[PDB]
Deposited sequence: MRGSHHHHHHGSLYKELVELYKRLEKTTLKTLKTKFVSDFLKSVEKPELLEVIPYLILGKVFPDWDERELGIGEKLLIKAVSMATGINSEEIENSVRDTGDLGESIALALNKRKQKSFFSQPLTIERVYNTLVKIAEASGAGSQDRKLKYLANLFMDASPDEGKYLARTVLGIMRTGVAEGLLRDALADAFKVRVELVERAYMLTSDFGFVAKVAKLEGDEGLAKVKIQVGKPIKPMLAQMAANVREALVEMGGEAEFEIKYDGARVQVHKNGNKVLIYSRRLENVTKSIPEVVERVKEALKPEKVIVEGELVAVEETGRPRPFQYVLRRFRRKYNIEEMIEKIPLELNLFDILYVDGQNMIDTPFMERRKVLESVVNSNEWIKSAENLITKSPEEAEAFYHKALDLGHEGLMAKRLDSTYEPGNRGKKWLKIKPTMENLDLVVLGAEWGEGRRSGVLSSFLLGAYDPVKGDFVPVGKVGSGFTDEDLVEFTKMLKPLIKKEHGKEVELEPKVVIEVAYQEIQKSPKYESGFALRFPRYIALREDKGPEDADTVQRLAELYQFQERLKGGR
């Protein structure tokens, strides 16, 4: 298998907007591969990615300057990036020349697109899940599960094509390979949560921060953000910290990383994300923004997989496994059968100033990548939305050098390409708009007058007065007065709220009419 076949797939997919046609084309291409080509390989090329989001390997490039088989090209990619040492900085022109001499002007567009991540190919991860489970005739539930436990497409692809149902089912946790976050639905009040949970429950402060995941093996700690970027290199001090306070040698834990004031109180999560960016030099930053990490779960310890263990037990273990500093702590909990002290905790947590409560079903096992009623948020406010900036619209006059308005998409399982759920102009300052304009400019996949269709890689969090059903957008959904809250860089396109999400928040809302 070579790059011409994959190019032919890129073209086949170029022509259509239509879901199962794309599914069928990809799936066909995957069916077309025997695996020295292994498909460690391909799936990320199909996605247009190079390496998994969690890889810690980065090579990108002065692409206008460098401008004068498949296994060959993955090889090229590992051998450019990994390649850790001093003799090459720019370089890579000869590295990129090594393959390029026999490469067609046909393919070059896709090579460079892959390079700068300038590939716009419309394949969603769910569409690829469908594509794998088709091509290799496996239950998609399984490609689902194994993806949720690993977040390695290549891995689930090989296991699928070789071992099938079988092996996929048997697939388990691997350190340094991120497990997808189990997620919460919403609750009205405490007493309610207490009802759904069947009379008793865990309660936790819901902290305002970045959900992170920590993988400890020996003296090597890996820490991941919600968008599964490897944030280790950026937060060295929470590296050293998490080494010492974690008792086991092979662990995987989950927690909330909160920027705090020295008061011991949380700053807005926007700062913690500043810390991930590593804009300045970490010497300065580590003092300018201190961070505490409050662990709420244990996915793995000591060659043991905790997924299938109830909450109650996982919690006891978690407490057992960590001996806490002021810099690392097991997230504050209360297990009670009565709502009084519950809402006492709710208030204590509010006046502590983060978000709300979490309410954990005690007997709940862990379901990676699943919002459910096993976990439940309790907040003063209505949940905000993280959605992709789908399109935008410029300003006029002096503001013609500015994108003022932002077309916002959500994701639809029977579509793919991201249905629009609204447009948002309120909440931004000037520098906010210079930012968004400069940053979004590269991502424009269509230009109509002063309005623009964006290649949807950017997730912002916006609040809204009301959710209503409007088929003035495809979704039959719209937002009453959206406003910028922040851009969540710790979420990418596959992390953004779906349409069914909107549905559920709506349902909660009419229940907060009815229940009020």
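Gaps between the deposited sequence and the modelled coordinates occur at 1-11, 73-75, 83-123, listed in sequence order.
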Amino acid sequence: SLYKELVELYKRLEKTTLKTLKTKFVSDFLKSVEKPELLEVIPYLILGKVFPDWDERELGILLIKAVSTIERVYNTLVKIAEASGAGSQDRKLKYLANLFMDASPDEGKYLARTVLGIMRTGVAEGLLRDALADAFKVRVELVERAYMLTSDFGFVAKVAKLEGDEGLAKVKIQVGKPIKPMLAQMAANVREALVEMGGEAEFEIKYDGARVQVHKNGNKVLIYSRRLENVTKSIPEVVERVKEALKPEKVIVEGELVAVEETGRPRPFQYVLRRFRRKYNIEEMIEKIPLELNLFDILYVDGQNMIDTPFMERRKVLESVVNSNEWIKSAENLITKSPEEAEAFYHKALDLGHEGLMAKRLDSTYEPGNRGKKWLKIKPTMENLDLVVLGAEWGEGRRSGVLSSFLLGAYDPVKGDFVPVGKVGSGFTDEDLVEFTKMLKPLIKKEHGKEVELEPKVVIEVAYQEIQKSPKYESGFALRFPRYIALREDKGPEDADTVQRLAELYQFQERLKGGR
From here on, numbers count along this sequence of modelled residues.
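The stretch 92-100 shows the higher mean C-alpha B-factor when 173-181 is compared against 92-100 in the entry. When 407-415 is weighed against 114-122, 114-122 comes out higher, by mean CA B-factor as recorded in the entry. The PDB entry assigns the greatest CA B-factor among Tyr224, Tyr147, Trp327, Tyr207 to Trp327.
Of the candidates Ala496, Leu505, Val499, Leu9, the PDB record gives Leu9 the highest C-alpha temperature factor. The deposited CA B-factor of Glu249 belongs to the middle third of values across its chain. The entry lists a Cα temperature factor for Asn370 that places it in the lowest third of the chain's modelled residues. Looking at the C-alpha B-factors along this chain, the one for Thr17 belongs to the middle third.
Among the modelled residues of the chain, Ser68 sits in the middle third by CA temperature factor in this PDB entry.
Split the chain's modelled residues into thirds by C-alpha temperature factor. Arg139 is in the middle one.
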